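K.L.:
Structure provided below as structure tokens; questions to follow.
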Amino acid sequence: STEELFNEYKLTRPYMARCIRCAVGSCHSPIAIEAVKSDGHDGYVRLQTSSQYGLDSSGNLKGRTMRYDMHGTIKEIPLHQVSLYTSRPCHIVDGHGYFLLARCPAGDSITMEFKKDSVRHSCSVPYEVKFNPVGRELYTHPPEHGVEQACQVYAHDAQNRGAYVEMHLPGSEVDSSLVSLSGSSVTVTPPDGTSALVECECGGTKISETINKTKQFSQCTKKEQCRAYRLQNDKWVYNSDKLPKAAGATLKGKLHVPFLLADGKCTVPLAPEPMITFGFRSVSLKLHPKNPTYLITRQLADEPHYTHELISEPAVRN
Amino acid sequence: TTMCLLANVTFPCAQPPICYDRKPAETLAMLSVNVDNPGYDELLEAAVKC
Amino acid sequence: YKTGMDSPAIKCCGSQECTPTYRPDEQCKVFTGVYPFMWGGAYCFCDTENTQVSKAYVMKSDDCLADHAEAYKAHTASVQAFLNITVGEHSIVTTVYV
Amino acid sequence: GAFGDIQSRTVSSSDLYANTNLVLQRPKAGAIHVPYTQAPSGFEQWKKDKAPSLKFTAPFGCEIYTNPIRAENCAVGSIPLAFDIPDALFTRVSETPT
Amino acid sequence: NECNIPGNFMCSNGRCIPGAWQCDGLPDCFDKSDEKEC
Ligand SMILES: [Ca+2]
């Protein structure tokens, strides 16, 4: 029953947003990044991007794809062309809607990039990504063998749960490949099956909504004075701050978010066994930690005198 | 039970009159006014499929 | 938390206003002297007297259900033991309250 | 910036108190975004500090558990007992060895 | 059996692939156990 899950991001389209670090400078990117969440334990993060996943360029379902917005025309590539990295390369697991799930190492940035023919697209964001160990032994890469604590990692399926984001009317995405000059006037050519609207300032205050017609206007000489917007009544976007909004109550629905933080099981390491030397009312502890290990002691009386210590070197505690 | 709205026609939320593969923007407008609804997920998964 | 942000309301050669919603910690401010850009060129034709409204609010995170901390108050406890009593080779195992 | 900057009354209360020091900032000249500046998650800062649990610090060697909040096996105090024994259980002398 | 991570489907060999990869028209588990009963 995956088609019942995917059917709500069919109402939506990918968009372009402002990314601060692109391949050269500051650009408008089709793969812009809204938020990175890293609160699952063993290295799984969940990116909310400005692209869409698990859908094809039409609206139907293709398996491992990124769907993006390239200056209005929606394009697509396979998922194995898209790579992202924090410090080391991350590994993309799955995608659903505006959301992506990756297995990432710890780092102070996220950079997603894909490669078209001779254009390289990138988007680096200053979003901190952390790695959260489980248990009282602080590893950096999850181990090979040990025991199994309970944990909380981002679930890998796109099951509808009780958490939502809010969708809206896309506003007037302005264009300038529409407006062009005649030999003596200004010419607006809206695309087929799409209505534009034109605001100019060459007479007094001029404004028009045009449909499907190469519609010239007299008294406008230079095309710097006319802005040709674009309109799409269908096809929701996210409530982004990198997009402008429409006029009047703005709201069209809400969608569920995939890959929520669920309870699970995680494998944790097991420290080398301490070597215990006994004496008269005293206990010595030889400790050889492989990776840093909390020692926590307490006494079973009315004053516990608890001791809490991160130990990362070979140490003897009496 | 929960009754959803497109007009003054309180239809059952499991039985919508329209679907997205028929209408591009009327389904989105029907979902627009019915956001404050405890049966919005029922209206949602019914309003996709015919 | 999760700082939610509404899209910027932009009017060309106009002036917006602040309409509140009483969302939690809902800040709103109106900025004048703005010449915004889209991907397809500039957005207004006016140099000055344009207006952009920022609106932000705090809502709780999507993972609030499985990752939250419960603040309680406790007083006047109640002790309860699982005894195993044998009186004259007749044994029971009963939760006694003490 | 500390524990409880979000205060939701229950998990599904739909009315949360929030004091997160949110301040809106002026957008960069030529860009459509909503820039803010707020204090970080006090819940995360509580999780970074977190003086250890009562499972490891409790006096008398208690064993704190979760689903009912309870302690176990705290070796403190003493239980008195009352036995109301019927007279039928008292066997006579000569029906036992001596 | 069941995987340790909740969103995962368990293949024939015990390999846990994501649950949206079951019955997708693409073979991921040994002997196509993601493509047996669809
Ligand atoms: Ca498969």
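Chain labels A, B, ... are given in the sequence in which chains occur in the structure tokens; within each chain residues are numbered consecutively from 1, and ligands are likewise numbered from 1 in the order shown.
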Might you pull out every residue within 9 Å of residue 49 in chain C, with only C-alpha atoms counted and same-chain residues fewer than 5 positions away left off, and present them as a PDB file with N, CA, C and O atoms, in the first residue's frame?
P.N.:
```pdb
ATOM      1  N   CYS C  12       4.187  45.682  -4.103  1.00  0.00           N
ATOM      2  CA  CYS C  12       4.996  46.607  -4.887  1.00  0.00           C
ATOM      3  C   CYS C  12       4.332  47.979  -4.912  1.00  0.00           C
ATOM      4  O   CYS C  12       3.177  48.100  -5.338  1.00  0.00           O
ATOM      5  N   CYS C  13       5.084  49.003  -4.489  1.00  0.00           N
ATOM      6  CA  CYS C  13       4.591  50.375  -4.286  1.00  0.00           C
ATOM      7  C   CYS C  13       3.329  50.415  -3.429  1.00  0.00           C
ATOM      8  O   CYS C  13       2.312  51.003  -3.798  1.00  0.00           O
ATOM      9  N   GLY C  14       3.407  49.800  -2.267  1.00  0.00           N
ATOM     10  CA  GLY C  14       2.288  49.756  -1.345  1.00  0.00           C
ATOM     11  C   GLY C  14       2.758  49.831   0.080  1.00  0.00           C
ATOM     12  O   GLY C  14       3.851  50.330   0.363  1.00  0.00           O
ATOM     13  N   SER C  15       1.918  49.342   0.988  1.00  0.00           N
ATOM     14  CA  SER C  15       2.244  49.280   2.403  1.00  0.00           C
ATOM     15  C   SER C  15       1.361  48.225   3.043  1.00  0.00           C
ATOM     16  O   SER C  15       0.134  48.310   2.973  1.00  0.00           O
ATOM     17  N   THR C  32      10.392  48.071   5.233  1.00  0.00           N
ATOM     18  CA  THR C  32      10.224  48.944   4.084  1.00  0.00           C
ATOM     19  C   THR C  32      11.577  49.270   3.465  1.00  0.00           C
ATOM     20  O   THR C  32      12.600  49.328   4.152  1.00  0.00           O
ATOM     21  N   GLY C  33      11.575  49.457   2.149  1.00  0.00           N
ATOM     22  CA  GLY C  33      12.798  49.691   1.405  1.00  0.00           C
ATOM     23  C   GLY C  33      13.422  48.407   0.906  1.00  0.00           C
ATOM     24  O   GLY C  33      14.607  48.156   1.129  1.00  0.00           O
ATOM     25  N   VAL C  34      12.633  47.592   0.214  1.00  0.00           N
ATOM     26  CA  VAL C  34      12.995  46.225  -0.138  1.00  0.00           C
ATOM     27  C   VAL C  34      12.888  46.067  -1.646  1.00  0.00           C
ATOM     28  O   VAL C  34      11.870  46.428  -2.237  1.00  0.00           O
TER      29      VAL C  34
END
```
K.L.:
Just want the residues within 12 Å of ligand 1, written as a ChimeraX atom specification, counting only C-alpha atoms and all ligand atoms.
P.N.:
/A:63-64 /E:9-11,16-38
K.L.:
Counting only C-alpha atoms, what is within 12 Å of residue 48 in chain D, bar same-chain residues fewer than 6 positions away, as a list in words?
P.N.:
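Counting only the stated atoms, we get residues 132 of chain A; 2, 3, 41 and 42 of chain D.
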K.L.:
For the selection you just gave me, I'd like the residues written to a file as a PDB file, in the first residue's frame, keeping N, CA and C atoms.
P.N.:
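The new file result.pdb reads:
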```
ATOM      1  N   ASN A 132      24.917  10.771  17.643  1.00  0.00           N
ATOM      2  CA  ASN A 132      24.482  10.498  19.006  1.00  0.00           C
ATOM      3  C   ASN A 132      24.720   9.043  19.374  1.00  0.00           C
TER       4      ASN A 132
ATOM      5  N   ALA D   2      16.656  27.204  28.486  1.00  0.00           N
ATOM      6  CA  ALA D   2      16.755  26.176  29.510  1.00  0.00           C
ATOM      7  C   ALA D   2      15.530  25.285  29.443  1.00  0.00           C
ATOM      8  N   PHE D   3      15.430  24.376  30.410  1.00  0.00           N
ATOM      9  CA  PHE D   3      14.441  23.308  30.355  1.00  0.00           C
ATOM     10  C   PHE D   3      13.045  23.855  30.591  1.00  0.00           C
ATOM     11  N   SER D  41      17.688  25.428  21.723  1.00  0.00           N
ATOM     12  CA  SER D  41      16.729  24.552  22.378  1.00  0.00           C
ATOM     13  C   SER D  41      17.178  24.257  23.791  1.00  0.00           C
ATOM     14  N   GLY D  42      16.398  24.724  24.765  1.00  0.00           N
ATOM     15  CA  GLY D  42      16.677  24.425  26.150  1.00  0.00           C
ATOM     16  C   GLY D  42      16.538  22.963  26.495  1.00  0.00           C
TER      17      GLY D  42
END
```
K.L.:
Could you give me, as JSON lines, every chain C residue with an atom at most 9 Å from chain A, plus its closest atom pair and distance in Å to one decimal, counting only C-alpha atoms, rows ordered by chain then number?
P.N.:
```
{"residue": "C:4", "atom": "CA", "partner": "A:239", "partner_atom": "CA", "distance": 8.9}
{"residue": "C:5", "atom": "CA", "partner": "A:241", "partner_atom": "CA", "distance": 6.1}
{"residue": "C:6", "atom": "CA", "partner": "A:241", "partner_atom": "CA", "distance": 6.0}
{"residue": "C:7", "atom": "CA", "partner": "A:241", "partner_atom": "CA", "distance": 4.4}
{"residue": "C:8", "atom": "CA", "partner": "A:244", "partner_atom": "CA", "distance": 5.4}
{"residue": "C:9", "atom": "CA", "partner": "A:245", "partner_atom": "CA", "distance": 6.0}
{"residue": "C:10", "atom": "CA", "partner": "A:244", "partner_atom": "CA", "distance": 6.9}
{"residue": "C:37", "atom": "CA", "partner": "A:174", "partner_atom": "CA", "distance": 9.0}
{"residue": "C:38", "atom": "CA", "partner": "A:174", "partner_atom": "CA", "distance": 6.6}
{"residue": "C:39", "atom": "CA", "partner": "A:28", "partner_atom": "CA", "distance": 6.0}
{"residue": "C:40", "atom": "CA", "partner": "A:175", "partner_atom": "CA", "distance": 4.3}
{"residue": "C:41", "atom": "CA", "partner": "A:176", "partner_atom": "CA", "distance": 6.0}
{"residue": "C:42", "atom": "CA", "partner": "A:174", "partner_atom": "CA", "distance": 7.5}
{"residue": "C:43", "atom": "CA", "partner": "A:174", "partner_atom": "CA", "distance": 6.2}
{"residue": "C:44", "atom": "CA", "partner": "A:227", "partner_atom": "CA", "distance": 7.2}
{"residue": "C:45", "atom": "CA", "partner": "A:225", "partner_atom": "CA", "distance": 6.4}
{"residue": "C:54", "atom": "CA", "partner": "A:241", "partner_atom": "CA", "distance": 8.8}
{"residue": "C:61", "atom": "CA", "partner": "A:163", "partner_atom": "CA", "distance": 8.7}
{"residue": "C:62", "atom": "CA", "partner": "A:163", "partner_atom": "CA", "distance": 5.4}
{"residue": "C:63", "atom": "CA", "partner": "A:261", "partner_atom": "CA", "distance": 5.8}
{"residue": "C:64", "atom": "CA", "partner": "A:163", "partner_atom": "CA", "distance": 8.9}
{"residue": "C:65", "atom": "CA", "partner": "A:162", "partner_atom": "CA", "distance": 8.6}
{"residue": "C:66", "atom": "CA", "partner": "A:262", "partner_atom": "CA", "distance": 6.4}
{"residue": "C:67", "atom": "CA", "partner": "A:261", "partner_atom": "CA", "distance": 7.8}
```
K.L.:
Which chain A residues are at most 8 Å from chain B (counting only C-alpha atoms), as a ChimeraX atom specification?
P.N.:
/A:4,7-8,11,233-235,251-254
K.L.:
Distance CA of residue 22 in chain C-CA of residue 19 in chain D, one decimal place?
P.N.:
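The value is 13.5 Å.
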K.L.:
Give me, as an MDAnalysis selection string, the residues of chain A touching chain E, with the criterion being at most 6 Å (counting only C-alpha atoms).
P.N.:
chainID A and resid 155:157 264:265
K.L.:
Within 9 Å of chain C, which residues belong to chain D? Use only C-alpha atoms and report them as number ranges by chain.
P.N.:
D: 5-6, 8, 10-12, 15-36, 41, 43, 79-80, 89
K.L.:
Can I get the selected residues back with C-alpha atoms, as a compact mmCIF listing (two decimals), in the first residue's frame?
P.N.:
```
# COMPACT_ATOMS: atom_id res chain seq x y z
CA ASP D 5 11.06 26.98 27.22
CA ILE D 6 8.32 25.03 25.48
CA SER D 8 2.80 21.93 26.39
CA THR D 10 -0.11 17.39 27.56
CA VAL D 11 1.26 15.65 24.48
CA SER D 12 -1.88 16.50 22.48
CA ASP D 15 -2.05 24.99 23.42
CA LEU D 16 1.63 25.40 24.32
CA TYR D 17 3.43 28.12 26.22
CA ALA D 18 6.62 29.23 24.50
CA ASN D 19 9.24 31.77 25.59
CA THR D 20 12.18 31.21 23.22
CA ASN D 21 13.63 34.76 22.86
CA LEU D 22 12.61 35.01 19.21
CA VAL D 23 13.53 38.29 17.47
CA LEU D 24 12.91 38.99 13.78
CA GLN D 25 15.73 40.52 11.75
CA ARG D 26 15.91 42.62 8.62
CA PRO D 27 16.26 40.64 5.37
CA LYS D 28 19.31 40.91 3.16
CA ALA D 29 18.99 43.43 0.31
CA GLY D 30 17.72 41.47 -2.66
CA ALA D 31 16.50 38.23 -1.11
CA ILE D 32 13.22 36.64 -0.08
CA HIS D 33 13.73 35.06 3.34
CA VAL D 34 12.65 35.48 6.95
CA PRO D 35 15.70 35.97 9.19
CA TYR D 36 15.32 35.39 12.93
CA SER D 41 16.73 24.55 22.38
CA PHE D 43 15.66 20.78 25.92
CA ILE D 79 8.29 -3.96 58.33
CA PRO D 80 6.29 -4.88 61.45
CA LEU D 89 -3.53 -24.56 63.91
```
K.L.:
As a ChimeraX atom specification, please: every residue in chain B that DSSP puts in strand (DSSP E or B).
P.N.:
/B:3-4,11-12
K.L.:
Let's have the selection written as a short mmCIF file (atom, residue, chain, number, x, y, z; two decimals), in the first residue's frame, with N, CA, C and O atoms.
P.N.:
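What ended up in again33.cif:
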```
data_model
loop_
_atom_site.label_atom_id
_atom_site.label_comp_id
_atom_site.auth_asym_id
_atom_site.auth_seq_id
_atom_site.Cartn_x
_atom_site.Cartn_y
_atom_site.Cartn_z
N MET B 3 -18.74 15.01 9.43
CA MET B 3 -19.25 15.45 8.14
C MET B 3 -18.40 16.59 7.61
O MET B 3 -18.16 17.58 8.33
N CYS B 4 -17.94 16.47 6.37
CA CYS B 4 -17.07 17.46 5.75
C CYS B 4 -17.89 18.42 4.88
O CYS B 4 -19.09 18.26 4.69
N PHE B 11 -21.55 16.28 3.41
CA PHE B 11 -21.32 14.94 2.89
C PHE B 11 -20.46 14.14 3.86
O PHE B 11 -19.73 14.71 4.67
N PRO B 12 -20.57 12.81 3.84
CA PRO B 12 -19.68 11.99 4.68
C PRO B 12 -18.24 12.09 4.21
O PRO B 12 -17.96 12.08 3.01
#
```
K.L.:
Please indicate the distance in Å from CA of residue 14 in chain B to CA of residue 5 in chain A, rounded to one decimal place.
P.N.:
16.7 Å
K.L.:
Report as a list in words the set of chain D residues whose atoms approach chain A to within 10 Å, with distances computed over only C-alpha atoms.
P.N.:
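Contact residues on the first chain: residues 31, 32, 33, 34, 35, 44, 51, 52, 56, 57, 58, 59, 60, 61, 62, 74, 75 and 76 of chain D.
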K.L.:
Taking 3 positions as the minimum chain separation for residues in the same chain, which residues sit within 8 Å of range 42-48 of chain A when counting only C-alpha atoms? Answer as a PyMOL selection string.
P.N.:
chain A and resi 33-39+98-106+129-134+142+153-154+259+266
K.L.:
The selected residues should be written to file as a PDB file, in the first residue's frame (atoms: C-alpha atoms).
P.N.:
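To be explicit, this is the file written out as part-v8.pdb:
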```
ATOM      1  CA  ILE A  33      17.727  22.800   1.946  1.00  0.00           C
ATOM      2  CA  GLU A  34      15.089  23.884   4.454  1.00  0.00           C
ATOM      3  CA  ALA A  35      16.086  21.984   7.591  1.00  0.00           C
ATOM      4  CA  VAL A  36      18.319  19.156   8.763  1.00  0.00           C
ATOM      5  CA  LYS A  37      17.199  17.096  11.746  1.00  0.00           C
ATOM      6  CA  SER A  38      19.735  14.874  13.502  1.00  0.00           C
ATOM      7  CA  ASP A  39      18.271  13.474  16.714  1.00  0.00           C
ATOM      8  CA  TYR A  98      10.085  16.756   0.201  1.00  0.00           C
ATOM      9  CA  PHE A  99      12.050  14.589   2.645  1.00  0.00           C
ATOM     10  CA  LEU A 100      15.247  12.563   2.374  1.00  0.00           C
ATOM     11  CA  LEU A 101      16.818  10.089   4.794  1.00  0.00           C
ATOM     12  CA  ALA A 102      20.589   9.674   4.890  1.00  0.00           C
ATOM     13  CA  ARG A 103      23.175   7.921   7.055  1.00  0.00           C
ATOM     14  CA  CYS A 104      25.566  10.741   7.871  1.00  0.00           C
ATOM     15  CA  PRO A 105      28.673  11.303   9.986  1.00  0.00           C
ATOM     16  CA  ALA A 106      29.021  14.247  12.323  1.00  0.00           C
ATOM     17  CA  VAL A 129      24.807  17.530  12.053  1.00  0.00           C
ATOM     18  CA  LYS A 130      25.663  15.547  15.157  1.00  0.00           C
ATOM     19  CA  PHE A 131      26.234  11.875  15.926  1.00  0.00           C
ATOM     20  CA  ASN A 132      24.482  10.498  19.006  1.00  0.00           C
ATOM     21  CA  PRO A 133      25.851   7.343  20.672  1.00  0.00           C
ATOM     22  CA  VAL A 134      23.731   4.940  22.683  1.00  0.00           C
ATOM     23  CA  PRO A 142      28.600   1.960  15.318  1.00  0.00           C
ATOM     24  CA  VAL A 153      16.127   6.232  15.170  1.00  0.00           C
ATOM     25  CA  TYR A 154      14.295   7.720  12.206  1.00  0.00           C
ATOM     26  CA  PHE A 259      10.465   8.917   8.400  1.00  0.00           C
ATOM     27  CA  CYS A 266      20.502  -0.534  18.577  1.00  0.00           C
TER      28      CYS A 266
END
```
K.L.:
Please compute the CA of residue 294 in chain A-CA of residue 63 in chain D distance, one decimal, in Å.
P.N.:
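The value is 19.0 Å.
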K.L.:
Which residues in range 5-47 of chain D does DSSP call alpha helix (DSSP H)? List them as a list in words.
P.N.:
residues 42, 43, 44, 45, 46 and 47 of chain D
K.L.:
For the residues selected in the previous step, produce a file with C-alpha atoms as a CSV table (one decimal), in the first residue's frame.
P.N.:
```
chain,number,residue,atom,x,y,z
D,42,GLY,CA,16.7,24.4,26.2
D,43,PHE,CA,15.7,20.8,25.9
D,44,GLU,CA,18.8,20.0,24.0
D,45,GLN,CA,20.9,22.1,26.4
D,46,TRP,CA,19.2,20.1,29.3
D,47,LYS,CA,20.2,16.9,27.5
```
